[PDB]
Amino acid sequence: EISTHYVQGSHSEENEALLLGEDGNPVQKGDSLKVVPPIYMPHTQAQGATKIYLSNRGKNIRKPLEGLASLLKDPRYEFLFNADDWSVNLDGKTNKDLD
Amino acid sequence: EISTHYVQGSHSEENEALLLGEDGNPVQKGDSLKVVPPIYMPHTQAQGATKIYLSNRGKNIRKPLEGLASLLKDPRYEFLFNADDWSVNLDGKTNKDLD
Amino acid sequence: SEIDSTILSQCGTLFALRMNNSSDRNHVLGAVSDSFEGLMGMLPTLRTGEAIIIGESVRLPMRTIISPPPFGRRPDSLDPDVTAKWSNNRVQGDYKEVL
């Protein structure tokens with residue numbers, strides 16, 4: 001919903017236009033376990049420079065997603081989102097089960 | 001209400017833009033006696049790929065249909081939806097009648 | 001006292017067993033058309049099994065003793081016996097099957 005595609009028309013995930021640093025590496029590639037979101041180049045496809053177009057697939061749920069992120073970073077909801085042994089990894093595997 | 005026509009403007013059932021596999025067969029054709037829904041190609045009419053437009057005949061009853069689908073698979077409604085000798089098959093034929 | 005008054009008033013015959021609270025007795029008295037003060041004053045002091053048949057199916061309101069059913073034919077809901085189940089020694093469980 002926020003990241004921009006490097007090529008207009010299509011919004012393929014392999015054409016992510018992340019703002020790269022001076023050394024070459026991206027400034028903020030983003031993290032999944034951490035709730036920090038990645039940084040993206042500004043949406044401006046004018047003449048002179050390369051044409052970068054915004055995401056063409058996002059819905060209108062930016063506000064609920066921000067609320068969910070705020071809840072995820074809240075230490076008062078650990079009993080739901082950061083359970084002791086029933087934490088879910090990125091691939092969907094927990095230490096224990098419901099039994 | 002979900003499956004999209006392969007061509008915009010017309011919503012013919014024979015133009016179902018389903019998601020096909022590498023071999024050529026669709027990923028999920030869908031079943032009637034089973035409650036699995038068919039898989040469809042994502043709605044996208046941008047450049048590069050074909051123009052995919054969702055069907056315009058769909059009503060606003062997605063939630064009641066989802067509820068009915070959930071009820072159909074509930075084993076607590078066998079007496080209603082899955083009577084032993086009064087189960088209606090696809091073409092509307094019953095083994096026995098109300099007599 | 002919860003049954004609709006109009007529905008109860010049209011019942012042909014009443015079988016008034018022992019009744020404890022006063023609201024139900026008042027409702028029954030208000031939903032009967034053949035009232036004898038002596039008979040209706042004995043409601044809260046009826047033995048286990050007695051009845052007071054009132055209505056158009058008898059010659060007179062009359063205090064009867066309903067004939068007991070033959071032995072071995074007695075209504076009984078097979079609800080769990082809490083004391084018997086809880087008195088048993090505990091055994092190692094297996095909740096994988098339950099899950």
# chains A, B, ... in the order shown; residues from 1 in each chain; ligands from 1

$ residues_around --residues "residue 43 in chain C" --least-positions-apart "4" --cutoff "9 Å" --atoms "only C-alpha atoms" --output "PyMOL selection string"
chain C and resi 16-20+25+39+52

$ calpha_fit_rmsd --fixed "chain B" --moving "chain A"
0.4 Å

$ interface_residues --of "chain C" --to "chain A" --cutoff "9 Å" --atoms "only C-alpha atoms" --output "list in words"
residues 94, 95, 96, 97, 98 and 99 of chain C

$ write_last_selection --atoms "N, CA and C atoms" --output "PDB file, in the first residue's frame"
ATOM      1  N   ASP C  94      -4.913 -37.692  27.860  1.00  0.00           N
ATOM      2  CA  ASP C  94      -4.312 -37.661  26.527  1.00  0.00           C
ATOM      3  C   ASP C  94      -5.144 -36.693  25.691  1.00  0.00           C
ATOM      4  N   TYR C  95      -4.693 -35.445  25.609  1.00  0.00           N
ATOM      5  CA  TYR C  95      -5.460 -34.390  24.961  1.00  0.00           C
ATOM      6  C   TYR C  95      -5.127 -34.220  23.486  1.00  0.00           C
ATOM      7  N   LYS C  96      -4.160 -34.975  22.960  1.00  0.00           N
ATOM      8  CA  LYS C  96      -3.917 -34.947  21.522  1.00  0.00           C
ATOM      9  C   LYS C  96      -5.132 -35.451  20.756  1.00  0.00           C
ATOM     10  N   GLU C  97      -5.767 -36.511  21.259  1.00  0.00           N
ATOM     11  CA  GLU C  97      -6.988 -37.010  20.638  1.00  0.00           C
ATOM     12  C   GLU C  97      -8.100 -35.972  20.701  1.00  0.00           C
ATOM     13  N   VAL C  98      -8.216 -35.266  21.828  1.00  0.00           N
ATOM     14  CA  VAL C  98      -9.239 -34.230  21.955  1.00  0.00           C
ATOM     15  C   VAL C  98      -8.994 -33.113  20.950  1.00  0.00           C
ATOM     16  N   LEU C  99      -7.737 -32.690  20.805  1.00  0.00           N
ATOM     17  CA  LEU C  99      -7.418 -31.651  19.832  1.00  0.00           C
ATOM     18  C   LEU C  99      -7.720 -32.116  18.413  1.00  0.00           C
TER      19      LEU C  99
END

$ interface_residues --of "chain B" --to "chain A" --cutoff "12 Å" --atoms "only C-alpha atoms" --output "CSV table (one decimal) with N, CA, C and O atoms, in the first residue's frame"
chain,number,residue,atom,x,y,z
B,42,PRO,N,-6.4,-13.0,-10.6
B,42,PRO,CA,-6.5,-11.7,-10.0
B,42,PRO,C,-7.0,-10.6,-11.0
B,42,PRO,O,-6.7,-10.6,-12.2
B,43,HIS,N,-7.9,-9.7,-10.5
B,43,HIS,CA,-8.5,-8.7,-11.3
B,43,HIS,C,-7.4,-7.6,-11.6
B,43,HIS,O,-6.9,-6.9,-10.7
B,44,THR,N,-7.0,-7.5,-12.9
B,44,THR,CA,-6.0,-6.5,-13.3
B,44,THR,C,-6.2,-6.2,-14.8
B,44,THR,O,-6.1,-7.2,-15.6
B,45,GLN,N,-6.4,-5.0,-15.1
B,45,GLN,CA,-6.5,-4.6,-16.5
B,45,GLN,C,-5.4,-3.6,-17.0
B,45,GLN,O,-5.6,-2.9,-18.0
B,46,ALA,N,-4.3,-3.6,-16.2
B,46,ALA,CA,-3.2,-2.7,-16.6
B,46,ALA,C,-2.4,-3.3,-17.8
B,46,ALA,O,-2.7,-4.4,-18.3
B,47,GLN,N,-1.5,-2.5,-18.3
B,47,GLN,CA,-0.7,-2.9,-19.4
B,47,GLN,C,0.2,-4.0,-19.1
B,47,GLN,O,0.5,-4.3,-17.9
B,48,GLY,N,0.7,-4.7,-20.1
B,48,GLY,CA,1.6,-5.8,-20.0
B,48,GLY,C,0.9,-7.2,-19.9
B,48,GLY,O,1.2,-8.1,-20.6
B,49,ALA,N,-0.2,-7.3,-19.1
B,49,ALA,CA,-1.0,-8.5,-19.0
B,49,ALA,C,-2.4,-8.2,-19.6
B,49,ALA,O,-2.7,-7.1,-20.1
B,50,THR,N,-3.2,-9.3,-19.7
B,50,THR,CA,-4.5,-9.2,-20.2
B,50,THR,C,-5.4,-8.3,-19.3
B,50,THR,O,-5.2,-8.2,-18.1

$ closest_residue --among "B:95, B:55, B:89, B:25" --to "residue 12 in chain B" --atoms "only C-alpha atoms"
B:55

$ residues_around --residues "residue 28 in chain A" --least-positions-apart "3" --cutoff "12 Å" --atoms "only C-alpha atoms" --output "PyMOL selection string"
chain A and resi 3+17-21+24-25+31+36-41

$ select_by_dssp --residues "chain B" --states "strand (DSSP E or B)" --output "PyMOL selection string"
chain B and resi 5+16+20+26+53

$ write_last_selection --atoms "C-alpha atoms" --output "short mmCIF file (atom, residue, chain, number, x, y, z; two decimals), in the first residue's frame"
data_model
loop_
_atom_site.label_atom_id
_atom_site.label_comp_id
_atom_site.auth_asym_id
_atom_site.auth_seq_id
_atom_site.Cartn_x
_atom_site.Cartn_y
_atom_site.Cartn_z
CA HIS B 5 -14.67 -12.65 -16.71
CA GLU B 16 -14.24 -17.49 -16.36
CA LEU B 20 -4.36 -21.99 -14.44
CA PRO B 26 -6.81 -24.58 -13.46
CA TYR B 53 -12.41 -7.03 -15.03
#
